[PDB]
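A single chain comes next, written as structure tokens; it is the form deposited in one PDB entry.
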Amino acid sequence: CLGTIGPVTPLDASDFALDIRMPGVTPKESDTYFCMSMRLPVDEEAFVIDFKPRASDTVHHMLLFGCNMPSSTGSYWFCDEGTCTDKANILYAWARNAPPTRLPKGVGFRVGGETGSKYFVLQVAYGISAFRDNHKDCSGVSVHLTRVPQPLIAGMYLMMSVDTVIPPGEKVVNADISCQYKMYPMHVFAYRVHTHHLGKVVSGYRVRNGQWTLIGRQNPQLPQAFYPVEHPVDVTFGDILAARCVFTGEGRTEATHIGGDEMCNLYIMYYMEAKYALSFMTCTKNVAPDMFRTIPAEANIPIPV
């Protein structure tokens, strides 16, 4: 917190580093989520091509989002209040002991410009010793940006459930998500799963001509970082993306709805060739419910915490 680093560090003619660091916060109670924003210093298009975590020891988890309207203009805030008022687009997730895993060579997220995010929003989640004379913490992430066009553009394919209810006691409830893919090819290289306490497992697949290829499979009670996809999965025009979240209602007194409460989110991080690329994409439907009768057995086997 006596760093001399400077928020923008020029690197060479076309690149700069952005240091995104909590402005000296004091985590009070445990499980505390703090948020801060950082404006891109350029107006034109740039590419985020690398990330370096600068985490304290006590930092459990960090997320980085791109958006155009952070939820506060304050120095920092509590993320309970929200991340961005507009769509918060996840770019990066770090968890202690997870390998955060790198952007592949030639891949960048596109920001700035007419259609790219104007701000980053950083979230830092703290795990706290009750002495320390109000310790100041400046955890965060350094971001590497370039104005040199990248050949491959990263983006997020967000699958989410909204139609499903968990009746009390049911032990096993499936929430299924599926959409037809109709863009240029995307190549999936990482995934993140999100659910609250009732989630057991979250699985994502590419389905082509009735054959299922796993994108990724994880227990959402583990740290919600981005996990790497072993061998990147090409998703192409005509494929279906399918995801299933497995819930419990055991110990529940009343029904639980999948709506912010429970959630079934699968973040599929991809790249696409630059000239055909888009930054986002979402599925919020179950268009092919019948196909889940053929889902691989593995999508139902638990992954204990």
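Numbering starts at 1 and follows the sequence shown.
**Student:** Note how many residues of the deposited chain are left out of the model between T26 and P27; the options are none, 1 to 3, 4 to 9, and 10 or more.
**Tutor:** Gap between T26 and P27: none, chain continuous.
**Student:** Per the entry, how many residues of the deposited chain go unmodelled between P104 and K105: none, 1 to 3, 4 to 9, or 10 or more?
**Tutor:** The entry has no gap there; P104 and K105 are joined directly.
**Student:** What stretch has the higher average Cα B-factor here, 107 to 115 or 130 to 138?
**Tutor:** Result: 130 to 138.
**Student:** Test of understanding: from the entry's C-alpha B-factors, which stretch has the higher mean, 78 to 86 or 201 to 209?
**Tutor:** It is 78 to 86.
**Student:** When the CA B-factors of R39, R252, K275, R244 are compared as recorded in the entry, which is the largest?
**Tutor:** The listed residue with the largest C-alpha B-factor is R252.
**Student:** Report the option among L18, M22, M281, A13 whose CA atom has the maximum B-factor in the deposited record.
**Tutor:** Top of the list by C-alpha B-factor: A13.
**Student:** Based on the deposited C-alpha B factors for this chain, I'd like to know if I258 is in the lowest, middle or highest third.
**Tutor:** Top third by C-alpha B-factor.
**Student:** Taking the chain's C-alpha temperature factors as the reference, tell me which third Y267 falls into: lowest, middle or highest.
**Tutor:** Within its chain, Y267 is a lowest-third residue by C-alpha B-factor, going by the deposited values.
**Student:** Just say lowest, middle or highest third for the CA B-factor of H194 relative to the other modelled residues in its chain.
**Tutor:** According to the entry, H194 has a C-alpha B-factor in the chain's middle third.
**Student:** Sort the modelled residues of this chain by their C-alpha B factor and say whether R147 lands in the lowest, middle or highest third.
**Tutor:** For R147, the deposited C-alpha B-factor lands in the middle third.
**Student:** For the chain shown, is the CA B-factor of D234 in the lowest, middle or highest third of its modelled residues?
**Tutor:** Lowest third of the chain for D234's C-alpha B-factor.
Only in words, not in the display: the form solved in complex with a small molecule, which the text now covers.
**Student:** Is every one of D163, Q221 and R252 in contact with the small molecule in the entry with it bound, taking contact as a heavy atom within 4.5 Å?
**Tutor:** The answer is no; none of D163, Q221 and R252 reaches the small molecule.
**Student:** Of the listed stretches (153 to 161, 129 to 137, 69 to 77, 167 to 175), which one has a non-hydrogen atom within 4.5 Å of the small molecule in the entry with it bound?
**Tutor:** Heavy-atom contact with the partner occurs in 153 to 161.
**Student:** Does at least one non-hydrogen atom of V287 fall within 4.5 angstroms of the small molecule in the entry with it bound?
**Tutor:** The answer is no: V287 has no heavy atom within 4.5 Å of the small molecule.
**Student:** Looking at the partner-bound form in the entry with it bound, is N265 within 4.5 Å of the small molecule by any heavy atom?
**Tutor:** Yes - in the entry with it bound, heavy atoms of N265 and the small molecule come within 4.5 Å of each other.
**Student:** According to a 4.5 angstroms non-hydrogen atom cut-off, is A190 in contact with the small molecule in the entry with it bound?
**Tutor:** No, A190 sits far enough from the small molecule in the entry with it bound that none of its heavy atoms falls within 4.5 Å.
**Student:** Could you tell me if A274 has a non-hydrogen atom within 4.5 Å of the small molecule in the entry with it bound?
**Tutor:** Outside the cut-off, so no.
**Student:** Consider the chain as shown here, without its partner, and state which of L122, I215, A95, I90 has a heavy atom within 4.5 Å of the small molecule in the entry with it bound.
**Tutor:** Partner contact (heavy atom, 4.5 Å) among the options: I90.
**Student:** Looking at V59, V246, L63, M36, which is the one with a non-hydrogen atom within 4.5 Å of the small molecule in the entry with it bound?
**Tutor:** Flagged contact: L63.
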